[PDB]
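Here the protein sequences line up with chains A, B, C and D, keeping their order. Positions in the first sequence are counted from 1; adding 942 to them yields the entry's author numbering. Sequence positions in the second sequence follow the entry's author numbering and run 645 to 675, 690 to 744. Sequence positions in the third sequence follow the entry's author numbering and run 695 to 826, 850 to 1140. Positions in the fourth sequence are counted from 1; adding 545 to them yields the entry's author numbering. Built from N, CA and C at the ideal position, the CB exists for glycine as well.
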Amino acid sequence: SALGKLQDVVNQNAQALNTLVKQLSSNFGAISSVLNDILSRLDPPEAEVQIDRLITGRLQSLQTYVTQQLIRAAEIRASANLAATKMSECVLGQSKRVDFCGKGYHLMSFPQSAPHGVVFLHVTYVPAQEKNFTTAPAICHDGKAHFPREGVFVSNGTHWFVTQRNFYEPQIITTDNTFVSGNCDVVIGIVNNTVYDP
Amino acid sequence: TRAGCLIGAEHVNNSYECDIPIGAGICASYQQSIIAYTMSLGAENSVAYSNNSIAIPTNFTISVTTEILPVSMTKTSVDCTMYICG
Amino acid sequence: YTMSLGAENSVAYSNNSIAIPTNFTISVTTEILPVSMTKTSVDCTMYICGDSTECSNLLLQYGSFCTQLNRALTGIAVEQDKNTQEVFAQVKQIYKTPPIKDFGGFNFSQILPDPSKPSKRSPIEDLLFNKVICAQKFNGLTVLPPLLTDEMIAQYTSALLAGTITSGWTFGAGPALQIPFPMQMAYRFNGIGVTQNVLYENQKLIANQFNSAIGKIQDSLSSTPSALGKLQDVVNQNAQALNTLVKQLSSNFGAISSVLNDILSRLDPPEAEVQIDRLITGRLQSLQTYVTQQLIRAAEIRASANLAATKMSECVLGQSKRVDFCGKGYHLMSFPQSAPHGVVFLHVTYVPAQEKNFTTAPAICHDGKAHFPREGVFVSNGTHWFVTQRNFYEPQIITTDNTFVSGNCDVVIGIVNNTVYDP
Amino acid sequence: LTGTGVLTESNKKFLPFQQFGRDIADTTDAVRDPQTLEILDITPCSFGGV
Ligand SMILES: *[C@@H]1O[C@H](CO)[C@@H](O[C@@H]2O[C@H](CO)[C@@H](O)[C@H](O)[C@H]2NC(C)=O)[C@H](O)[C@H]1NC(C)=O
Ligand SMILES: *[C@@H]1O[C@H](CO)[C@@H](O[C@@H]2O[C@H](CO)[C@@H](O)[C@H](O)[C@H]2NC(C)=O)[C@H](O)[C@H]1NC(C)=O
Ligand SMILES: *[C@@H]1O[C@H](CO)[C@@H](O)[C@H](O)[C@H]1NC(C)=O
Ligand SMILES: *[C@@H]1O[C@H](CO)[C@@H](O)[C@H](O)[C@H]1NC(C)=O
Ligand SMILES: *[C@@H]1O[C@H](CO)[C@@H](O)[C@H](O)[C@H]1NC(C)=O
Ligand SMILES: *[C@@H]1O[C@H](CO)[C@@H](O)[C@H](O)[C@H]1NC(C)=O
Ligand SMILES: *[C@@H]1O[C@H](CO)[C@@H](O)[C@H](O)[C@H]1NC(C)=O
Ligand SMILES: *[C@@H]1O[C@H](CO)[C@@H](O)[C@H](O)[C@H]1NC(C)=O
Ligand SMILES: *[C@@H]1O[C@H](CO)[C@@H](O)[C@H](O)[C@H]1NC(C)=O
Ligand SMILES: *[C@@H]1O[C@H](CO)[C@@H](O)[C@H](O)[C@H]1NC(C)=O
Ligand SMILES: *[C@@H]1O[C@H](CO)[C@@H](O)[C@H](O)[C@H]1NC(C)=O
Ligand SMILES: *[C@@H]1O[C@H](CO)[C@@H](O)[C@H](O)[C@H]1NC(C)=O
């Protein structure tokens, strides 16, 4: 069922054609669904009446088919447009768009050809094995409020570190990985620690 | 049910992922006999939120998922005159 | 009158003048999208022939038209559940908020479920649902219930809200990683090129602007009946289509009567079939018109649902860089709210305010070297040069720690002389 | 006036001259009994998809 999306397209169109063909067996009120039987039995003055009924029915059947193909084609076009967009943004680049190139943080994608379609293999980064830390919005040192330049301030229960947000990597809090803005009397939840100066 | 009268399925209180949709929150599945149930929307997950607690990944996995999209459709051509009149 | 295109605004452009916001506001806007359409089902045979065997037998002469029509409407009905699922069922787990709503002053009571009501809707969702058959059924026109009930959709929405509030965007990528709300907002400030200290040093202001904006949403919707016109339009179009379809059963289409039973009670088969043929043709044509318009309309709804699903992913489960995709302003976050056959997004954006004029320069010349700002822009208050973050006036002393050197002073056009402080 | 359905006592305020009623679909949904002058509501016999 993995390729159901492509099989569904095949099935819908095959069904539409089969229906269209089967409509040629309908009388539509005529003495026969077979045009040759009408022509071999009746003279023109009467044959035309029977044929008119078949033409009306068969033209209506064909207009139904075409209308449904136009609507279905529009759906396929939209799908193709999406596929083209993903090719550009997932394969020819790295996308920031959430859930656009698979679940997780998109790294890259690889296209694979399929029958009347495309398959994208989305390679994503998925965070794992998280653990609890105590955190603070800022560190108070020498009366100054220090904020992390890239990461977040965390405590392992005794010591404060600064770490990149998506991967635990506890560095010593220093003036090279923080910046100062204002004093310690403004930030809510600010905690006291040392900020090391190299 | 709100979808109509369902006969031949055993209704149970146990909620499962939806298998065969009935309507109005009701789904049926084969478990043997056919059963009816209110579909689950997923497992409950209470996040350990606090004003000073953060969870940080110590590891990661590389996941590969497959997305399948239709691109093209069979290029049919129907001869109107022949179809109708042969 | 000739319509206005808006007020004229001449921007005070010059080759050395920049405007920088000294303040900001937190704006919340509402975006309303259709997701689903009423799942109608029309019994072709009954619509055309009722319970008449004579008509039914004549109808068979037309082949499988009724099978096609029943199939087309079935396909639409199924799509409608797919549309809803794509938009709302985006979360692996049902997340719940804490018993204690402490988010650093941020108040979500109007978007979170109200436990005092049986429906478990938020105050806003309740409002949305308040804002937005037999005669049809008796002719073979039935309505099928959505696979997901309104209570299930609300549960999906509340799960998304709980995830967003307690774990930010992490739950939309992998496991839900808890984070203090103020800290989450600080991350979202960084996401729009504003430093995190701007959040923390203005936390109460921001929480207050946010809380006020949310309150305004409820009032705006309540006092504006047309607010949900997009969803009402869908309801009206489909109701109109059904009403038209039903009324077509009163048409003679050239027959002696629009009532099939009257034809059958008056005429013998040889003549009744002629009159019935006229009704079948007219009623089949009426039904094919209905179905065709439902397929076209369904396609429009599908596109809307696809957009809604995209916004759910990119506006709610993450922070979007796409301009005007998640409201007007710099997107911070969004909160979904359930609506009748649709979804309402409350987009929270950062809007720059109270800008003021500064003199600017592309570079600072010091010791023969051209210094460029590492993150911000060089500005002068008329006497002294500072470097500031671009989206919020915060004039720092120009130092070697907030600039970088590239080449000499003889290349850059508009370079100005100043001191670059070395700590 | 022929048809198939379930007949019940009507609560419709028929005027003395009105012989039958119709719904928004413009189909007979009530009749006046030609002998008793009783007003009867007409609904279709229960049906639905299977
Ligand atoms: C930035 O704008 C906000 C309002 O959007 C200012 O806060 C208001 O200040 C006035 C006094 O001038 C108070 O009466 C209002 O109640 C405040 N509003 C809120 C929500 O607190 C804020 O002072 C401005 N900041 C700067 C630097 O101009
Ligand atoms: C969050 O905001 C709501 C209002 O939107 C607050 O609820 C109001 O509380 C006051 C009492 O302080 C009542 O008089 C109002 O009638 C309440 N309004 C509604 C709609 O309930 C709620 O208290 C706020 N939460 C916090 C923690 O401040
Ligand atoms: C964090 O602490 C909570 C209890 O407050 C616990 O349920 C949760 O599992 C912990 N997180 C991790 C990764 O252990
Ligand atoms: C925190 O980290 C420091 C440095 O690695 C270590 O010495 C200390 O014991 C750790 N504390 C806890 C509770 O693990
Ligand atoms: C968290 O809440 C507690 C009260 O439950 C309070 O004492 C503490 O200061 C708060 N911390 C922050 C960062 O808000
Ligand atoms: C931090 O230390 C200072 C003294 O240097 C003290 O006055 C202040 O209250 C402390 N703040 C906290 C949160 O411990
Ligand atoms: C389901 O729970 C109800 C009580 O609400 C009980 O009466 C019923 O028998 C239960 N059905 C099954 C299969 O357990
Ligand atoms: C900047 O100066 C122009 C005049 O050159 C003035 O029209 C404009 O309002 C000023 N900008 C601000 C924020 O005052
Ligand atoms: C520019 O800022 C400096 C430092 O705050 C101040 O001393 C100076 O007076 C300001 N100049 C003007 C025109 O405001
Ligand atoms: C701006 O234009 C003036 C002439 O109007 C010129 O003297 C000045 O050098 C220009 N400054 C820059 C940065 O181009
Ligand atoms: C900057 O100062 C140098 C002398 O150190 C001078 O030669 C140069 O012309 C000045 N440039 C400007 C724009 O004032
Ligand atoms: C005959 O019909 C009239 C109404 O037209 C009614 O009043 C009368 O009672 C009926 N008589 C009998 C025997 O049914």
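- With a threshold of 7 Å, the Cβ atom of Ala701(C) does not count as near ligand 8, since no heavy atom of the ligand is closer than that.
- Residue pairing of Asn928(C) in beta bridges, as defined by DSSP: absent, with no partner found.
- DSSP links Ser721(C) through a beta bridge to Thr1066(C).
- Scanning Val963(A), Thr1077(A), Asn1023(A) for the CA closest to the CA of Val1060(A) turns up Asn1023(A).
- At a threshold of 7 Å, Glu1072(A) counts as near ligand 3, since its beta carbon sits closer than that to one of the ligand's heavy atoms.
- In chain order, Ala1080, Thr1120, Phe1121, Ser1123 place their CB closer than 7 Å to the CB of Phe1089(C), counting only its own chain and leaving out the 5 sequence neighbours on each side.
- Nearest CB-CB separation between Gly1035(A) and chain B: not below the 8 Å threshold.
- According to DSSP, residue pairing for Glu554(D) in a beta bridge involves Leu585(D).
- Not one heavy atom of ligand 9 lies closer than 7 Å to the C-beta of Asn1135(C).
- Close partners of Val785(C) in chain B (Cβ separation under 8 Å): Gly700.
- Contact of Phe1109(A) with chain B by beta-carbon distance below 8 Å involves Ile714, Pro715, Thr716, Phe718.
- The beta-bridge partner set that DSSP reports for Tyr1138(C) consists of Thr1116(C).
- As a beta-bridge residue in DSSP terms, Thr859(C) pairs with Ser735(C).
- Taking the Cα positions, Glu990(C) is about 14 Å away from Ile973(A).
- The region 1063-1078 of chain C makes contact with the region 708-715 of chain C; the number of CB pairs closer than 8 Å reaches 3 or more.
- Around the Cβ of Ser943(C), a 10 Å sphere holds fewer than 16 other Cβ atoms; the residue is exposed.
- In the same chain as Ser1037(A), and ignoring 5 residues on each side of it, the C-beta atoms closer than 8 Å to its own belong to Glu1031, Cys1043, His1048, in chain order.
- Annotated three-state conformation of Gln1054(C) is strand, per DSSP.
- Burial check for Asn960(A): the Cβ neighbour count within 10 Å stays below 16, so the residue is exposed.
- Taking the Cα positions, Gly1131(A) is about 6 Å away from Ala1078(A).
- The criterion of a C-beta distance shorter than 8 Å is satisfied by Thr547(D) and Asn978(C).
- At least one CB atom of chain A sits nearer than 8 Å to the CB of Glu918(C).
- Neighbours of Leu1004(A) in chain B, taken as residues at a C-beta separation under 9 Å, are given in chain order as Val736, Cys738, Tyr741, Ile742.
- Inter-residue distance for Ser698(B) and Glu661(B) is about 5 Å (C-alpha atoms, whole angstroms).
- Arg905(C) is bridged by DSSP to nothing; it lacks a bridge partner.
- Around the CB of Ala1015(A), fewer than 16 other CB atoms lie within 10 Å, so the residue is classed as exposed.
- Per DSSP, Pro986(C) is one residue of the alpha helix (DSSP H) stretching across 986-1028.
- When 7 Å is used as the limit between beta carbons, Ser884(C) is near these residues of chain B: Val705, in chain order.
- Partner residues in the beta bridge of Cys671(B), as assigned by DSSP, are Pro665(B), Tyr695(B).
- Within 7 Å of the CB of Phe970(A), the CB atoms of chain C belong to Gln755, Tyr756, in sequence order along the chain.
- Not a single CB atom of chain A sits nearer than 8 Å to the CB of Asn978(C).
- Taking a Cβ-Cβ threshold of 7 Å, none of the residues of chain C is close to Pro1112(A); the smallest such distance is about 16 Å.
- In the DSSP assignment, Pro1090(A) falls within the beta strand (DSSP E) that extends over 1086-1090.
- Distances from the CB of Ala713(B) to the heavy atoms of ligand 3 include at least one below 7 Å.
- An exposed status is given to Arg1091(C), since fewer than 16 other beta-carbon atoms sit within 10 Å of its beta-carbon.
- For a Cβ distance threshold of 9 Å, residue set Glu702, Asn703, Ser704, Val705 of chain B lies close to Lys790(C), ordered along the chain.
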